[PDB]
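Peer 1: For the record, the sequence lines run as chains B and A.
According to PDB author numbering, the first sequence holds residues 12 to 54 in order.
According to PDB author numbering, the second sequence holds residues 11 to 54 in order.
The C-beta atom is built at its ideal place from N, Cα and C for all residues, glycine as well.
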Amino acid sequence: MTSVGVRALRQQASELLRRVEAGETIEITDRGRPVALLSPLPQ
Amino acid sequence: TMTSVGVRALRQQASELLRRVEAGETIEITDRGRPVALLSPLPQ
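Following this line, the structure appears as structure tokens:
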């Protein structure tokens, strides 16, 4: 899942952040429309 | 400065956080206190 909805965000938040921490970016959709991006920080 | 929320808060307050991002805000995400990710809006 490279694009997840709001429901999946809550149910999967820990795992989604693990993936971003491993370098993935993940698109967040809201009623099917892409609205936000989760990207890794340089840290 | 910015808003920083942890994963717990992201889950618990998801609707309020996405409302802010859709209004244009970028938010820092922490994982057990360490900054790990950026939640930023896509332009519409």
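1. Give the secondary structure of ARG21 of chain B by DSSP, where H, G and I count as helix, E and B as strand, and everything else as coil.
2. Would you kindly check if the distance between the Cβ of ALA24 of chain A and the Cβ of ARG21 of chain B is under 8 Å?
3. Under 7 Å, CB to CB, which of the residues in the region 21-36 of chain A have a partner in chain B?
4. Are any of the Cβ atoms in chain A nearer than 8 Å to that of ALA47 of chain B?
5. Under the three-state reduction of DSSP, which class applies to residue 55 of chain B: helix, strand or coil?
Peer 2: Taking the coordinates as given:
1. helix
2. yes
3. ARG21, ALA24, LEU28, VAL31 and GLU32
4. yes
5. Here chain B covers residues 12 to 54 and nothing more, so residue 55 of chain B does not appear.
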